[PDB]
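Worksheet: one structure, shown below.
Cβ coordinates were reconstructed from backbone atoms using ideal geometry, including for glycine residues, and neighbour counts include every protein chain displayed. Every read-out reported here was derived from the displayed coordinates using simple, explicitly stated rules and does not represent laboratory data.
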Amino acid sequence: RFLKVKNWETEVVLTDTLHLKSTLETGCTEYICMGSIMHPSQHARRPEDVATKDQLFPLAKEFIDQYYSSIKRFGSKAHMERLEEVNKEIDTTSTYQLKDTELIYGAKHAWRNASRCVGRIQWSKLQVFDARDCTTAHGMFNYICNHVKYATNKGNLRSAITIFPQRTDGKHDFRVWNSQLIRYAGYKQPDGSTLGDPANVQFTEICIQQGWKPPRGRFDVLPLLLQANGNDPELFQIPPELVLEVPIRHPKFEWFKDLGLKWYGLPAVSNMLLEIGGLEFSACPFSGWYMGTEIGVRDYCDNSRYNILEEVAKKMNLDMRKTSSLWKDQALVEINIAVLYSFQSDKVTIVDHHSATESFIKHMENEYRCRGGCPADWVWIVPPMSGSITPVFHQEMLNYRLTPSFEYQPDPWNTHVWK
Amino acid sequence: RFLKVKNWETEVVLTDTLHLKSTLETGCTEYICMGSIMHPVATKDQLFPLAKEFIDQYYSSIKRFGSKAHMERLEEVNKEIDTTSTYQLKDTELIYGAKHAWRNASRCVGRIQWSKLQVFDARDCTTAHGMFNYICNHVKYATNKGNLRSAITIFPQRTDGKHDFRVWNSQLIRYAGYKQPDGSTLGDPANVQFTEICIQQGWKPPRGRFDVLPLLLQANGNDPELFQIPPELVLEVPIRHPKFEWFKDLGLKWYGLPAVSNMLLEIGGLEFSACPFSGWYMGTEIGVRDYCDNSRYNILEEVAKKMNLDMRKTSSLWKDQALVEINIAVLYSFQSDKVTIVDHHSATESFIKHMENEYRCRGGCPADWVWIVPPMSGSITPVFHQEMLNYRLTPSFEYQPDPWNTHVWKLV
Ligand code: HEM
Ligand code: HEM
Ligand SMILES: Cc1cc(N)nc(COc2cc(CCN3CCC(F)(F)CC3)cc(F)c2F)c1
Ligand SMILES: Cc1cc(N)nc(COc2cc(CCN3CCC(F)(F)CC3)cc(F)c2F)c1
Ligand SMILES: C[C@H](O)[C@H](O)[C@H]1CNc2nc(N)[nH]c(=O)c2N1
Ligand SMILES: C[C@H](O)[C@H](O)[C@H]1CNc2nc(N)[nH]c(=O)c2N1
Ligand SMILES: [Zn+2]
């Protein structure tokens, strides 16, 4: 009927009715909760390939309805024309095309709806680049460069999304094969260890296989591997002057700069699927700006990532015999101090996890005020260090799936037939 | 039906069949997940299937299912429910029930020790003085001069609801909280309400920072009664730091024995409304939650102050820096006094080992990621990366209303 969530630090109780508009399954049941499953559900809104009219149109009707409801219409002339227009369009092309307004609406609301995104207070300030006229990988390279350059903005990062042509039959997808626009290569060393970023060893090998010439450093920005209209993907090197990087140094430890660490400034997720009114935009790279922990905790300290903890602990002269000295926890703090200090010293947008989580609490409040709820994944929202000293740790959250949304999709090299 | 859980750090995949045996709700629906919600007497007819379920499972665990003894027990339980509208667990069933309620505690990271549980049967207890005696012996046994040992003491089960046994304390050892006229709090701000209840019941408070609270014990539905745990049974650890000589000057201490006492133990449909159980601490419970939660002792600013940290902006991570040192202090202090403690790294690693074993021998292990992940350094512990299925098996430990919200006072 209606569900309350409580913050146990402040005893604020919020009352959620927005979940009544939830469309697809969470993966949980009355008897089993999957809230820590990374991909709990395969409930998609349309079949795998080109859907029949009774399949795609209801999804379309729902989104147009929602969009016109959003803008204080519904039933207006333009709404009833838009329905008949989408009707005839599906009647004659098995798909339909979004107007520019609806596309901008759907992107912003997919972001707004992203229960895993702590950054959503910014949701309505999204720059939407319409790339639906794109037709070749070279055109995708042009569009993505413009995205990177606009979003980077000489460090004053700007949120943006570039939306390439929607899926038609499934054999013609546009995909950015890179999981993110800018990542560092991972190199399988002969002994068995790994140089660079271990997460990317496979993708780095597809790139080498596709003819990329690895510099074989620790921070080799990977080429783009762009696929247009289902064709074989093509490699492009992003102009280095477009890839802003921050050398990581520490405000107290002078020896820290000598770890040779740097990171890139723009986080740009490029492997997710944007779904609006039943249409599926398989190539929609979206970017914002980093939360320090993503680099300082996950990218740097995960065991199967850069794994610098013991290296930094050594330089710190920390008791590393046993776990209880908390040498890992201590170094982990210093690394995230360095990351934050470095980005701010170079005037590159970055938000610490205290500020970010605080903003999200404010966002939840706004959303419950105006929308009647805010889907949020507590497992993703709580930062990967110092969880309980951030306000979201003490904040109950309801999770549910609202459309438009960003969705996971298979890695294209698992599903692509080469030519 | 099967369900797979992945570890994204190791790629190990486990297959959960055990979830097919849960029965009460998780709180989640098919379209909403409530996995971060903290909190989401039986008739004769209701009790028979619950009883049979538990007796069936006990006899299954001991490879005696279908046996002569299984079937007579089942019939013997049915007669009791017919006669008395309830039944009595055998001692073996009580021990097994209690161990398995711990085993099934999806929020508990220390379940690798679930089968080493000392079970104190206190179902013959009739008065608050009796409960105190039992609880004193529990505390002495568990504390074991710092070599802490897991233990539960089980008092008589619910009958009509009018005769509940209750430990009104949320935990057996807690420090008192006193709000001052000026709004400030002395002691443990969490326990201010419960301290007020004791003071009203007659407890004379020392009004200090680490006053061990008195037990407030209710037997057979009667008004609860006050008892002072004998001070020699409350092992405490003064918190010092290995590096900062100044840390001892914070005057911090903590009690060695964590002993939860406000929960309900549910075995075969029977409700044991008073079942205090204890183990030993994970360091972050004290060092992160007890000390650094804002609603708690809130010593981050104090500790950061003494670290000459820049506390102007959050991005200096002064809170994270001070939190780590505090948790080092907690572990170093307990270890130096040879009082059992476990750091969150060692604890999470053992629980993964345990979880894996539980999938192998039992077909799964229900687990609450929101509670298993430590409250600091979350992703540098192995559990953060471990997918976990959450579901509710019985026997279970269950939450229950605070007794002062339900008790109807006898004394005029
Ligand atoms: C503007 C600054 C932003 C910040 C600080 C931010 C923060 C974050 C963080 C920390 C995560 C978790 C990332 C991880 O642990 O891998 C996340 C997830 C996510 N964000 Fe945001 N975000 C921002 C902008 C955006 C934008 C512009 C979009 C889309 C238009 C977006 C959509 C998402 C989605 C879909 C996820 C889930 C990703 C997944 O499931 O793998 N975010 N965000
Ligand atoms: C032996 C060492 C033990 C360790 C290291 C341990 C560790 C923990 C921790 C860290 C929590 C989370 C507590 C919180 O954040 O408030 C917890 C919860 C819990 N533990 Fe264990 N525990 C231990 C023993 C036990 C025993 C002996 C029992 C029962 C016989 C038990 C049953 C539970 C239950 C039911 C919870 C959930 C608490 C709640 O829901 O409020 N644990 N444990
Ligand atoms: C828009 C946006 C803003 C922001 N501030 N952050 C993000 C998240 O962006 C990245 C995320 C990752 C890691 C993704 N992670 C890998 C392991 C996993 F698969 F298990 C879960 C997903 C690497 C990157 F380079 C990223 F830019 C996105
Ligand atoms: C057997 C066992 C071992 C262990 N290692 N730990 C525990 C849990 O022990 C305690 C937990 C708490 C606080 C519980 N917490 C209160 C705030 C909340 F209500 F929000 C959520 C529950 C206080 C204490 F004194 C504790 F001993 C139990
Ligand atoms: C809102 C949220 O569920 C709440 O803060 C939970 C989070 N995880 C927790 N985890 C543990 N171990 N103990 C807790 O009290 C909590 N509190
Ligand atoms: C198993 C677990 O769900 C997985 O490791 C999750 C935990 N929470 C996370 N939270 C964020 N923000 N990002 C992640 O990659 C993860 N990983
Ligand atoms: Zn759930």
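Residue by residue, region A:251-262 carries 3J(HN,Hα) couplings of x, 10, 6, 5, 5, 6, 4, 6, 5, x, 8, 9 Hz when phi is fed to the Karplus relation 6.51 cos²θ - 1.76 cosθ + 1.60 (θ = phi - 60°); x denotes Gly or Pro. Judged by the gyration tensor of its Cα atoms, with axes a ≥ b ≥ c, region B:305-412 is oblate; a/c meets the 1.5 cut and b/c is at least as large as a/b.
Ranked for footprinting exposure by Cβ neighbours inside 10 Å, fewest first, B:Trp371, A:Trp289 give B:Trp371, A:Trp289.
On the beta carbon distance between B:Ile62 and B:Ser85, with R0 = 30 Å, the FRET formula returns roughly 0.65.
Amide H contacts of A:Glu407: A:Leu273, A:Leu274, A:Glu275, each under 5 Å away and 5 or more positions distant or on a separate chain (H built 1.01 Å from N in the peptide plane; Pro and chain starts excluded).
Exposure proxy ranking for A:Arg218, A:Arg175, A:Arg112, based on other Cβ atoms within 10 angstrom of each Cβ and starting from the fewest, stands as A:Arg218, A:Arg112, A:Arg175. With the simple spin-label model, which puts each label point 7 Å out from Cα in the Cβ direction, the A:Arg321 to A:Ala44 separation comes to 5.6 nm.
Taken one residue at a time, the phi angles of region B:354-366 give Karplus couplings (6.51, -1.76, 1.60, θ = phi - 60°) of 5, 3, 4, 3, 4, 5, 6, 8, 10, x, x, 7, x Hz. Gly and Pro are set to x. Each of B:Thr195, B:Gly208, B:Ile173 was placed along the dipole of region B:159-211 (beta-carbon charges, centred on the mean Cα), and the one lying farthest toward the positive end is B:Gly208.
If you sort the three axes of the alpha carbon gyration tensor as a ≥ b ≥ c, you get a/c of 1.5 or more for region B:173-290 and a/b no higher than b/c, which makes it oblate.
Could you tell me the relative contact order of chain A? Use alpha-carbon pairs under 8 Å, at least six residues apart, and round to a whole percent.
For chain A, the relative contact order is 22 percent.
Cβ-Cβ distance of A:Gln209 and A:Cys370, R₀ of 45 Å, FRET efficiency by 1/(1 + (r/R0)^6): the value works out to about 0.35. Partners of A:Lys21 within straight-line reach, counting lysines whose Cα lies under 24 Å from its Cα and excluding those fewer than 8 residues away in the same chain: A:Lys4, A:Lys6, A:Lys53, A:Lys61, A:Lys72, A:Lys99, A:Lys108, A:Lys125, A:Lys362.
Taking amide H as placed 1.01 Å from N in the peptide plane, B:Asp343 has its amide H under 5 Å from the amide H of B:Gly283, each at least 5 places away in sequence or on another chain.
Legend: distances between Cα atoms for A:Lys188/A:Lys213; B:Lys90/B:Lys353; A:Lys257/A:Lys347; B:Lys243/B:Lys353; pairs beyond 24 Å are B:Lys90/B:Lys353; B:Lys243/B:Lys353. The mean sequence separation of alpha-carbon pairs under 8 Å and at least six residues apart, normalised by the residue count of region A:218-291, gives a relative contact order of 19 percent. Near B:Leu186, the amide H atoms lying under 5 Å from its own belong to B:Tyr178, B:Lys179, B:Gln180; only residues 5 or more places off or on other chains count, and H is placed 1.01 Å from N.
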